[PDB]
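Below is the file structure30.pdb, which contains PDB, C-alpha atoms and all ligand atoms.
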```
ATOM      1  CA  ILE E   1      63.130  80.714 114.086  1.00  0.00           C
ATOM      2  CA  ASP E   2      66.338  81.294 116.071  1.00  0.00           C
ATOM      3  CA  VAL E   3      69.527  79.600 114.889  1.00  0.00           C
ATOM      4  CA  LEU E   4      72.679  79.579 117.016  1.00  0.00           C
ATOM      5  CA  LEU E   5      76.022  80.251 115.304  1.00  0.00           C
ATOM      6  CA  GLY E   6      78.259  77.943 117.319  1.00  0.00           C
ATOM      7  CA  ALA E   7      76.998  75.513 119.986  1.00  0.00           C
ATOM      8  CA  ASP E   8      77.280  76.296 123.704  1.00  0.00           C
ATOM      9  CA  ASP E   9      80.244  73.870 123.967  1.00  0.00           C
ATOM     10  CA  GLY E  10      82.066  75.781 121.253  1.00  0.00           C
ATOM     11  CA  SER E  11      81.368  73.333 118.387  1.00  0.00           C
ATOM     12  CA  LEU E  12      81.295  74.914 114.922  1.00  0.00           C
ATOM     13  CA  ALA E  13      77.696  74.148 113.996  1.00  0.00           C
ATOM     14  CA  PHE E  14      74.434  75.896 113.249  1.00  0.00           C
ATOM     15  CA  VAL E  15      71.891  74.923 115.962  1.00  0.00           C
ATOM     16  CA  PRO E  16      69.606  73.716 114.461  1.00  0.00           C
ATOM     17  CA  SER E  17      71.312  72.978 111.149  1.00  0.00           C
ATOM     18  CA  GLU E  18      68.321  71.462 109.334  1.00  0.00           C
ATOM     19  CA  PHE E  19      64.877  72.990 109.615  1.00  0.00           C
ATOM     20  CA  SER E  20      61.694  74.016 107.823  1.00  0.00           C
ATOM     21  CA  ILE E  21      59.817  77.347 107.803  1.00  0.00           C
ATOM     22  CA  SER E  22      56.795  78.805 105.986  1.00  0.00           C
ATOM     23  CA  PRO E  23      57.217  81.553 103.410  1.00  0.00           C
ATOM     24  CA  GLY E  24      58.015  84.936 104.890  1.00  0.00           C
ATOM     25  CA  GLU E  25      59.104  83.570 108.301  1.00  0.00           C
ATOM     26  CA  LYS E  26      62.251  85.340 109.560  1.00  0.00           C
ATOM     27  CA  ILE E  27      65.385  83.356 110.458  1.00  0.00           C
ATOM     28  CA  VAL E  28      67.457  85.064 113.153  1.00  0.00           C
ATOM     29  CA  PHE E  29      71.043  83.822 113.042  1.00  0.00           C
ATOM     30  CA  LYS E  30      72.579  84.607 116.443  1.00  0.00           C
ATOM     31  CA  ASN E  31      76.347  84.799 117.033  1.00  0.00           C
ATOM     32  CA  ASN E  32      76.882  82.390 119.936  1.00  0.00           C
ATOM     33  CA  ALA E  33      80.295  80.716 120.299  1.00  0.00           C
ATOM     34  CA  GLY E  34      83.368  79.933 118.180  1.00  0.00           C
ATOM     35  CA  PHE E  35      83.281  83.003 115.948  1.00  0.00           C
ATOM     36  CA  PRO E  36      83.812  84.543 113.534  1.00  0.00           C
ATOM     37  CA  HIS E  37      80.753  83.311 111.700  1.00  0.00           C
ATOM     38  CA  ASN E  38      78.797  84.273 108.565  1.00  0.00           C
ATOM     39  CA  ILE E  39      75.882  82.822 106.611  1.00  0.00           C
ATOM     40  CA  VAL E  40      76.291  82.300 102.842  1.00  0.00           C
ATOM     41  CA  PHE E  41      73.664  80.694 100.612  1.00  0.00           C
ATOM     42  CA  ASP E  42      75.008  78.473  97.843  1.00  0.00           C
ATOM     43  CA  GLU E  43      73.690  79.895  94.568  1.00  0.00           C
ATOM     44  CA  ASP E  44      73.818  76.470  92.976  1.00  0.00           C
ATOM     45  CA  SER E  45      71.784  75.025  95.855  1.00  0.00           C
ATOM     46  CA  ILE E  46      68.792  77.373  96.308  1.00  0.00           C
ATOM     47  CA  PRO E  47      65.520  77.501  94.346  1.00  0.00           C
ATOM     48  CA  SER E  48      65.835  78.579  90.688  1.00  0.00           C
ATOM     49  CA  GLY E  49      65.472  82.316  90.153  1.00  0.00           C
ATOM     50  CA  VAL E  50      66.338  83.322  93.729  1.00  0.00           C
ATOM     51  CA  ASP E  51      69.083  85.985  94.023  1.00  0.00           C
ATOM     52  CA  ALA E  52      71.586  84.644  96.624  1.00  0.00           C
ATOM     53  CA  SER E  53      72.839  88.207  97.095  1.00  0.00           C
ATOM     54  CA  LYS E  54      69.512  89.201  98.677  1.00  0.00           C
ATOM     55  CA  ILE E  55      69.566  86.515 101.369  1.00  0.00           C
ATOM     56  CA  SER E  56      73.301  86.049 102.087  1.00  0.00           C
ATOM     57  CA  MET E  57      76.097  87.930 103.818  1.00  0.00           C
ATOM     58  CA  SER E  58      79.162  88.578 101.686  1.00  0.00           C
ATOM     59  CA  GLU E  59      81.758  85.816 102.002  1.00  0.00           C
ATOM     60  CA  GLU E  60      83.884  88.665 103.328  1.00  0.00           C
ATOM     61  CA  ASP E  61      81.448  89.956 105.965  1.00  0.00           C
ATOM     62  CA  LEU E  62      81.799  88.453 109.455  1.00  0.00           C
ATOM     63  CA  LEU E  63      79.932  88.504 112.780  1.00  0.00           C
ATOM     64  CA  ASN E  64      82.800  88.921 115.295  1.00  0.00           C
ATOM     65  CA  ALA E  65      81.042  89.462 118.624  1.00  0.00           C
ATOM     66  CA  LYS E  66      78.643  87.528 120.789  1.00  0.00           C
ATOM     67  CA  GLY E  67      75.035  88.472 120.090  1.00  0.00           C
ATOM     68  CA  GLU E  68      75.456  90.041 116.636  1.00  0.00           C
ATOM     69  CA  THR E  69      72.636  88.710 114.455  1.00  0.00           C
ATOM     70  CA  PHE E  70      71.901  88.246 110.752  1.00  0.00           C
ATOM     71  CA  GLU E  71      68.183  88.081 109.911  1.00  0.00           C
ATOM     72  CA  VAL E  72      66.612  86.892 106.669  1.00  0.00           C
ATOM     73  CA  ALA E  73      63.127  85.951 105.468  1.00  0.00           C
ATOM     74  CA  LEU E  74      62.715  83.475 102.610  1.00  0.00           C
ATOM     75  CA  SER E  75      59.647  83.304 100.388  1.00  0.00           C
ATOM     76  CA  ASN E  76      60.249  80.956  97.425  1.00  0.00           C
ATOM     77  CA  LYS E  77      59.460  77.333  98.270  1.00  0.00           C
ATOM     78  CA  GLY E  78      62.184  74.720  98.110  1.00  0.00           C
ATOM     79  CA  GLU E  79      65.485  73.752  99.678  1.00  0.00           C
ATOM     80  CA  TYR E  80      68.193  76.200 100.580  1.00  0.00           C
ATOM     81  CA  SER E  81      71.720  74.967 101.470  1.00  0.00           C
ATOM     82  CA  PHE E  82      73.918  77.434 103.386  1.00  0.00           C
ATOM     83  CA  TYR E  83      77.298  77.495 105.046  1.00  0.00           C
ATOM     84  CA  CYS E  84      79.704  79.577 107.056  1.00  0.00           C
ATOM     85  CA  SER E  85      82.639  80.423 104.730  1.00  0.00           C
ATOM     86  CA  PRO E  86      85.533  80.293 107.235  1.00  0.00           C
ATOM     87  CA  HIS E  87      84.249  77.039 108.780  1.00  0.00           C
ATOM     88  CA  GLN E  88      82.811  75.345 105.711  1.00  0.00           C
ATOM     89  CA  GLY E  89      85.520  72.668 105.817  1.00  0.00           C
ATOM     90  CA  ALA E  90      84.935  72.065 109.525  1.00  0.00           C
ATOM     91  CA  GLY E  91      81.358  71.119 108.556  1.00  0.00           C
ATOM     92  CA  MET E  92      79.529  74.323 109.585  1.00  0.00           C
ATOM     93  CA  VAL E  93      76.784  73.899 106.959  1.00  0.00           C
ATOM     94  CA  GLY E  94      72.994  73.687 107.094  1.00  0.00           C
ATOM     95  CA  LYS E  95      69.896  73.452 104.922  1.00  0.00           C
ATOM     96  CA  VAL E  96      66.505  75.123 105.310  1.00  0.00           C
ATOM     97  CA  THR E  97      63.335  73.995 103.559  1.00  0.00           C
ATOM     98  CA  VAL E  98      60.606  76.532 102.816  1.00  0.00           C
ATOM     99  CA  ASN E  99      57.397  74.494 102.518  1.00  0.00           C
TER
HETATM  100 HG    HG G 101      81.537  79.772 111.351  1.00  0.00          HG
END
```
Now that the file is in, can you turn its structure into structure tokens?
Ligand SMILES: [Hg+2]
Amino acid sequence: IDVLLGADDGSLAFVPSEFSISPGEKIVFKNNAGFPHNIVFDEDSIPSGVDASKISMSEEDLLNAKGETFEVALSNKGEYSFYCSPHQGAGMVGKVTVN
């Protein structure tokens, strides 16, 4: 599935921000507008036993240019909350369900 980082009008959102995938499906996060952007999974809000470090950028890593991508595949079933660290407060958050 392709997820835009920043809407085409510059709003600080993941597009889409809520979505479902099957195990092993790759999410391609695409730097679009309003950067810098990153993707960080909340360790307290992902399935038990999942290593956040495997599926997240570092809070310190940033995508600074249009078209940079971050790709990840999830396999454990359940709900995954994620956010962009620099824009968390602006509401740039999302949740993926693996079902
Ligand atoms: Hg962001």
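Using all atoms listed in the file, the shortest contact distance between residue 67 (chain E) and any of E:81, E:32, E:11, E:97 is found at E:32.
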* Written as a ChimeraX atom specification, which residues does the PyMOL selection byres (((not hetatm)) within 12 of (chain G and resi 101)) give for the file shown? -> /E:4-7,10-15,29-40,59,61-64,82-94
Spatial neighbours of residue 78 (chain E), max dist 7 Å, only C-alpha atoms, sep filter under 6 positions, as a PDB file with C-alpha atoms, keeping the file's coordinate frame:
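Saved as part_10.pdb:
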```pdb
ATOM      1  CA  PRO E  47      65.520  77.501  94.346  1.00  0.00           C
ATOM      2  CA  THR E  97      63.335  73.995 103.559  1.00  0.00           C
ATOM      3  CA  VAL E  98      60.606  76.532 102.816  1.00  0.00           C
ATOM      4  CA  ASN E  99      57.397  74.494 102.518  1.00  0.00           C
TER       5      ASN E  99
END
```
* CA of residue 3 (chain E) to CA of residue 26 (chain E), distance in Å rounded to a single decimal ->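 CA of residue 3 (chain E) sits 10.7 Å away from CA of residue 26 (chain E).
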If the PyMOL selection byres (((chain E and resi 23) around 6) and not hetatm) is run on the structure shown, which residues does it catch, given as a PDB file with C-alpha atoms, in the coordinates of the input?
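To be explicit, this is the file written out as result22.pdb:
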```pdb
ATOM      1  CA  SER E  22      56.795  78.805 105.986  1.00  0.00           C
ATOM      2  CA  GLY E  24      58.015  84.936 104.890  1.00  0.00           C
ATOM      3  CA  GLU E  25      59.104  83.570 108.301  1.00  0.00           C
ATOM      4  CA  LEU E  74      62.715  83.475 102.610  1.00  0.00           C
ATOM      5  CA  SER E  75      59.647  83.304 100.388  1.00  0.00           C
TER       6      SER E  75
END
```
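The space between CA of residue 50 (chain E) and CA of residue 76 (chain E) spans 7.5 Å.
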* Have a look at CA of residue 56 (chain E) and CA of residue 19 (chain E) and let me know their distance in Å, one decimal. => 17.3 Å
* **Nearby residues (only C-alpha atoms) at most 9 Å from residue 43 (chain E), same-chain spacing under 5 positions excluded, as a count of residues only** => 7
* Dig up all the protein and nucleic acid residues within 6 Å of (67.3, 87.8, 112.8) in the file frame, using all atoms listed in the file, and format them as a list in words. => residues 27, 28, 29, 69, 70 and 71 of chain E
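Closest approach to residue 46 (chain E) from the set E:79, E:8, E:18, E:95 is made by E:79, with distances taken over all atoms listed in the file.
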